[PDB]
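Chemist: Part one of the assembly, not moved from where it sits:
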Amino acid sequence: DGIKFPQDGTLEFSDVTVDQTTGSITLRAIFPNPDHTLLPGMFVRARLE
C-alpha cells in the first residue's frame, strides 16, 4: 500500500554469487517485527542508503 515501516532494519551479508538468468546478486536485510505487521513470502520494496 505504500506505508513506511515505523521500524528500521539493517543490511548484512551482501552475497557474492551472480544469478545466471538475470545477472544480479542478492542481499539480506534484518527487520524487527514486534507487531507481526510483516509476513513471510510477501513482496516488498527496500530503500538502501
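Modeler: Good, I have the coordinates. Residues are numbered from 1 along each chain as shown, chains lettered A, B, ... in the order given.

Chemist: Can you classify the spatially most central residue of chain A by secondary structure?
Modeler: Most central in chain A under C-alpha atoms, centre = their mean is residue A:29, positioned 4.9 Å from the mean C-alpha point. In terms of secondary structure, residue A:29 is strand; the call rests on DSSP: H, G, I helix; E, B strand; the rest coil.

Chemist: If I follow the layout properly, it ends up in contact with residue A:12?
Modeler: Yes. Contact criterion C-beta atoms under 8 Å: residue A:29 and residue A:12 qualify, at 7.3 Å. Just so you know, the C-beta spots here come from the backbone N, C-alpha and C atoms, and that holds for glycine as well.

Chemist: Residue A:20: neighbouring residues, count only.
Modeler: Using other C-beta atoms under 10 Å, residue A:20 has 6 other residues around it.

Chemist: For it, what are phi and psi?
Modeler: For residue A:20, the backbone dihedrals are phi -70, psi -40 (criterion: degrees, to the nearest 10).

Chemist: Next: residue A:14.
Modeler: The phi/psi pair for residue A:14 (degrees, to the nearest 10) is phi -70, psi 120.

Chemist: onto the same structure, chain B please:
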Amino acid sequence: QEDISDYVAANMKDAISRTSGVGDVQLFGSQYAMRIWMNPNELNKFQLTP
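Modeler: Chain B goes in next, on the same frame as the chains above:
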C-alpha cells in the same frame, strides 16, 4: 534535422495549412520516433533475442 522537422510538423504545419488560399502542404522531413538501439552483447548477457 530531426528536432527542426518535428517542430515544423507540430507548431508550423497546422497554422500554415489553415490560412486562406493554401492547398496541399508537404513536409520534407520526418517527425520524431522512439528509436530503440539494441546491443548484441547485452542481449546475449540476459539470454534474450530481438
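
Chemist: back to the neighbour count of residue A:20, now that we've got chain B?
Modeler: 8 (other C-beta atoms under 10 Å in any protein chain shown).

Chemist: How about residue B:6?
Modeler: 15.

Chemist: Kindly provide the distance from it to residue A:14.
Modeler: 46 Å (C-beta to C-beta, to the nearest Å).

Chemist: same question, residue B:15
Modeler: Distance, residue B:15 to residue A:14, using C-beta to C-beta: 59 Å.

Chemist: do the same with residue B:41
Modeler: Residue B:41 is 26 Å from residue A:14, by C-beta to C-beta.

Chemist: how about the helices of chain B, start to end?
Modeler: Along chain B, the segments classed as helices by DSSP state H run B:2-11, B:13-17, B:40-45.

Chemist: Get me the contact residues on chain A for chain B.
Modeler: Within chain A, the positions near chain B by C-beta under 8 Å from any C-beta of the partner chain are A:21, A:22, A:23.

Chemist: Was I right to think the first one contacts residue B:45?
Modeler: No. Residue A:21 sits out of contact with residue B:45 when judged by C-beta under 8 Å, with a separation of 10.8 Å.

Chemist: Looking at the two, which is more packed in?
Modeler: residue B:45 (11 against 7).
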